[PDB]
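Let me begin by presenting the structure, written as structure tokens, before commenting on it.
Because the Cβ atoms are built from the backbone with ideal geometry, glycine has one as well, and the counts that use them run over all protein chains shown. Please treat every number below as a calculation from the coordinates, not as lab data.
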2 protein chains.
Amino acid sequence: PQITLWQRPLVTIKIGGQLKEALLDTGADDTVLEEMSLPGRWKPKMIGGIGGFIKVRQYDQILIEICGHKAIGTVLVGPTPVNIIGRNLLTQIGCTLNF
Amino acid sequence: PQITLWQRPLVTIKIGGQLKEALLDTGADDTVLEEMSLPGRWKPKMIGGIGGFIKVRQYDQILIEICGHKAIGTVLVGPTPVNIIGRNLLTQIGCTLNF
Ligand SMILES: CC(C)CN(C[C@@H](O)[C@H](Cc1ccccc1)NC(=O)O[C@H]1CCOC1)S(=O)(=O)c1ccc(N)cc1
């Protein structure tokens with residue numbers, strides 16, 4: 001669909017059997033989700049942004065259904081204020097910026 | 001223009017007579033630019049990002065040219081790692097998301 005930016009671009013996602021709302025974020029290289037129950041082994045990674053850095057757990061090959069569209073990719077889980085869908089998943093659903 | 005997201009969506013901006021590159025960020029509510037020379041009075045303010053909170057200086061009614069698009073709005077200048085154009089300015093140059 002087409003989304004204007006008058007309000008935060010929130011979308012409904014489904015990961016690991018749970019329904020969550022996430023922010024379509026073009027300035028996020030990676031997808032980072034709030035702490036949640038996810039199965040599998042992970043790797044302790046670390047990312048930075050405004051305000052500093054955070055310790056995050058990296059899970060690969062995670063299936064996420066974003067607005068009905070499915071995608072499989074890396075998902076970071078950790079201390080995030082908002083669930084963020086970054087470019088690693090935004091490219092898989094064919095999301096573009098237009099002006 | 002149409003911007004695909006395989007690479008960070010960076011654009012050339014002209015502010016305060018200076019040329020800079022900035023990231024188009026749909027996940028950012030406001031525009032945050034690295035610390036730079038800007039004339040005028042400003043108000044102190046703090047921003048919350050992924051790693052914590054930074055204290056920035058707020059400038060109102062500042063002219064900024066993103067591409068050939070001129071826009072006037074609020075700009076926060078402070079310790080951000082990347083210059084980011086947020087939704088306060090993205091809506092003025094008519095930027096949308098599509099998938
Ligand atoms: C370009 C960078 C440095 C900024 N990031 C993207 C931004 O969209 C980020 C998204 C977000 C919104 C609200 C709360 C917390 C995070 N907004 C952000 O800082 O909002 C401030 C600036 C003005 O208004 C509020 S990031 O979150 O650090 C990030 C970095 C790496 C990955 N892999 C994932 C996320």
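Couple of notes before you dig in:
- Along its first, second and third principal axes, ordered by size, the protein assembly as shown spans 53, 32, 24 Å in Cα coordinates.
- Separation of the B:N98 and B:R57 label points, Cα + 7 Å toward Cβ, nm: 4.0
- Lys/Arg +1, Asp/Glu -1 at C-beta; the protein assembly as shown dipole; positive extreme among A:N98, B:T12, A:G52: A:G52
- Cα→Cβ-extended label distance, 7 Å offset, between B:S37 and A:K70, nm: 5.7
- With the helix formula -39500 (n - 2.57) applied to DSSP H stretches of n ≥ 4, chain A reaches a computed 222 nm mean residue ellipticity of -500 deg cm²/dmol.
- The count of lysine pairs in the protein assembly as shown whose Cα atoms are under 20 Å apart, excluding pairs fewer than 8 places apart on the same chain, comes to 8.
- Amide H contacts of A:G49 (H built 1.01 Å from N, in plane; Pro and chain starts excluded): B:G51 sit under 5 Å, all sequence-distant by 5 or more or on other chains.
- Copies compared at A:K20 - label distances in nm, ascending, label defined 7 Å from Cα in the Cβ direction: 3.2
- Over all distinct Cα-Cα pairs of segment A:54-96, the Kirkwood formula returns a hydrodynamic radius of 11.1 Å.
- Averaged over peptide B:47-59, the number of partner chain Cβ atoms lying within 10 Å of each residue's Cβ comes to 4.
- Partner shielding of A:1-12 amounts to 4, given as the average count of beta-carbon atoms from other chains within 10 Å of each residue beta-carbon.
- Chain B: translational diffusion in µm²/s, Stokes-Einstein, Kirkwood Rh over Cα pairs, 37 °C, 0.692 mPa s: 237
- Cβ-placed point charges (K, R +1; D, E -1), dipole of chain A about Cα centre in debye, nearest 20: 200
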